[PDB]
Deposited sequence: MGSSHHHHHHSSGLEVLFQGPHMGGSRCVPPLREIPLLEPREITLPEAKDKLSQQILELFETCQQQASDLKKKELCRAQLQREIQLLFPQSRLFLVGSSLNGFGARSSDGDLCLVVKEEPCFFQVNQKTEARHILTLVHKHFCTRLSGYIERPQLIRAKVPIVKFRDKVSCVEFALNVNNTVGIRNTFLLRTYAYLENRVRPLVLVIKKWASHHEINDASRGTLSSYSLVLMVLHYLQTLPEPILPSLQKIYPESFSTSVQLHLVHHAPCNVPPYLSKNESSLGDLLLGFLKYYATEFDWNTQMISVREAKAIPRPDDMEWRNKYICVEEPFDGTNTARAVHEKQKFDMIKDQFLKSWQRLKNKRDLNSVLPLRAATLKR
């Protein structure tokens, strides 16, 4: 299943999609690593399970997507004690096939490591279960329509190429972008995506047992929309929408509502530049964008890329196609 591709830009977007999309063999090496590590971690926490989460499973992965793992142990004092124990385990016992494990310090503490078996970089956290839930929310969107995945992928590569796709460095997280693409698709005049949580709350409710949340994409049917915009029309529109129309200073993006909502007067959103509502809990995913200079970098790059693309409808105007493939 693939979109139209009547023009050059749309064809280049599909070409980039098909050569960079995460292949089944990439996902098998990540799953073999996940199962081996769960087995390995269970020596320490026998009541624990290890989940693949994020780009590896949400449908928006590229061959270069790192792996995200979520360790479920039956509030943060425990989460940090477990993460440091797991880390010492990786350093002492697992050093034969687990390279350079490091505790990275962030809102969600992480153990970063490289699997020498798959040669793949991984990020493991402890008990951040919301990432399991939204993995399968996003996955259900990722396959709800054939344009969502090519658009999201070219947009991820685009943001990464322009050094605005790294929340650790002050810019937009991949999750923020994905939510922004999905919001753009949700609010078109003839919309390309509905709200999954409004139409089927039963398949994404917070009472669903974590180990069954992945059943949700098997339940939800595909979305047929009236919009006939091709991939190049939509990539241009997505750059224009955030470059010109979307008021960062007054509104927040709610994929849960499939709407733009006014910024709440709560203290979380009081001084933030960018407000994207996490769909399961109520928090700002773009909270990492807190420096004016970086905020401007995002704004200026949206404007500029929409300009170069408008004039020359070649994907090379905003993303060198030789630097990805």
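- Unmodelled regions of the deposited chain sequence (numbering from residue 1, in sequence order): 1 to 43, 118 to 126, 378 to 380.
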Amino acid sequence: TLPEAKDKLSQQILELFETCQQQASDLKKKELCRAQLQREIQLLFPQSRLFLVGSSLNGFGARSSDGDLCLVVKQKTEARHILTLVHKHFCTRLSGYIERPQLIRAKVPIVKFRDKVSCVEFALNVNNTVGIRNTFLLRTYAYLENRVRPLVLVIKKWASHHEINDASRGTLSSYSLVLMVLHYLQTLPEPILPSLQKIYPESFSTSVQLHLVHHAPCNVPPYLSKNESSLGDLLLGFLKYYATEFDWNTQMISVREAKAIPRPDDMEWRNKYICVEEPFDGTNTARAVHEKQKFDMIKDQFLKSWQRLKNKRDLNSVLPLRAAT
From here on, numbers count along this sequence of modelled residues.
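- Looking at 50 to 58 and 274 to 282 together, the entry lists the larger mean B-factor for 274 to 282, computed on C-alpha atoms.
- Higher average CA B factor: 88 to 96, of the stretches 88 to 96 and 122 to 130.
- When the Cα B-factors of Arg114, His215, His183, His162 are read from the PDB record, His215 comes out highest.
- In the deposited coordinates, the residue among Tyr200, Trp158, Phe238, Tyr175 with the greatest CA B-factor is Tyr200.
- Per-chain ranking of the deposited C-alpha B factor places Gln251 in the highest third.
- In this PDB entry, the Cα temperature factor of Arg287 sits in the middle third of its chain's modelled residues.
- Sort the modelled residues of the chain by CA B factor and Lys294 lands in the highest third.
- Remark: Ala258 belongs to the middle third of its chain, ranked by C-alpha B-factor as recorded.
- In this PDB entry, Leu179 carries a Cα temperature factor that places it within the lowest third of its chain's modelled residues.
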